[PDB]
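Shown next as C-alpha cells: one chain only, the form deposited in one PDB entry.
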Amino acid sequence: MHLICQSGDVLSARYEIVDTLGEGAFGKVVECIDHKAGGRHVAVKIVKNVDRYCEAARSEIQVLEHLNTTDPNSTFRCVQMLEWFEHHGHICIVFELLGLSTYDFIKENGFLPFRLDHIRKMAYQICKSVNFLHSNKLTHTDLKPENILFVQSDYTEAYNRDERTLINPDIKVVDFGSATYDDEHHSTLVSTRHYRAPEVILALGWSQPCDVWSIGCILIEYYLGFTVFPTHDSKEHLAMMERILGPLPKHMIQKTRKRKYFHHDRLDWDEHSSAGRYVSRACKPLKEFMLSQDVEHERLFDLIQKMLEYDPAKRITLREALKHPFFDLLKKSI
C-alpha cells in the first residue's frame, strides 16, 4: 500500500495523486487530478491487495453500478462512482470528490456536537439515502459517522469555547463494501462495527432494521459529540444497552443461541468488575443525555428512542422515520 499512494503518483495513466484524504481498514482514499476529464478532481479508493478487502471492493463496485444506474441524478445522495481500475494489482475505485467525514469534522472541532438544526437536516438526508437502499433490497450494515461525508466541509468559527459551524451541512453516504442484498448470504457472524444492533450481537438474523439502529446511534453521537456505546466488547455493549435503554426483551433472550452472554433469564454481567464500574459511570438512561428540555430536543430524542427499539420488527422503519415530527420544520412552508 505504502508504495503506490504518494503524491505525484499517476494511476491508470490518468489520475495524478495530489493528497491523501483518509485511511481505513480497506486501504486508503486519495485525491487525484483526472487528466482525461479536463483536470476534474476525483477521490480514488485504493484497496489493500488482501483477499477479504479485494472481495469487498468487487462487491462495492457491483452495488455502486446498480445504485448509480437506478439513481443517475444522485437524488438520494449515495456516493457516485465514476469508474474503477487495477493498479499494481490493487483495486482502485474512482468517486466524485467529497469533503470531510462527519466523524473527522467532530474530531477537528474538539468533539463539539453539531447544532440541532444541522442534525435535523443531516438526519433527514441520511434517512432518505438509506431508505433508498432499503427500497432496492439492500442493507448498508456499516453506517457510522466516518461513513457519512459532507459534500463540502467549509466552516466558520465563533466564540460560544470556540466552535466551527458548517456553511452547508449536505452529506452523502459512502462505503458500500459491506452492503448486502436481501437474497444474498447474510453473515450471522458480523465483524467489528462502531454500533452493534442487538439482533446482530445475538445472531437472531439481521436485515434493513440494523441500519436504523446504527442511524439512531449516529444521531446521538451528532448531538453529544461522542458515542453512548464507547466499547468494542459485545457483552459490554449489551450491558451498555441495558443501562441506556432498559432490559433486553425476554422474547429475544429466549430465542438467541448466544448463551455465552446470559445466565438464566438475564445478562450475565458483573457490575462491580472493571468493565462493570465503567459501564455504570459512562452510561445512563437515554433521555438523561438531553442537553435541553426544549420541544425540538424532545422530538429528536423521541425519534432516537424509536430507532433504538430492541426488537427489529417493532423498530421504526426509515419510511416511518421520515414522517416523524422532528422533521416537520423541514416541511414545505405553509
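Numbering starts at 1 and runs along the sequence shown. Whichever C-alpha set is largest while still superposing within 1.5 Å between the two forms counts as the rigid core.
Not on display, but discussed next: the form deposited in another entry.
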Only one of 190, 100, 252, 245 shifts its Cα by 2 Å or more between the shown form and the other one once the rigid core is superposed, namely 190
**OP:** Align both forms on the core first, then report whether residue 68 has a C-alpha shift of 2 Å or more between the shown form and the other one.
**Re:** no
Item to check | Rigid core superposed: residue 274 CA moves 2 Å or more between the shown form and the other one | outcome: yes
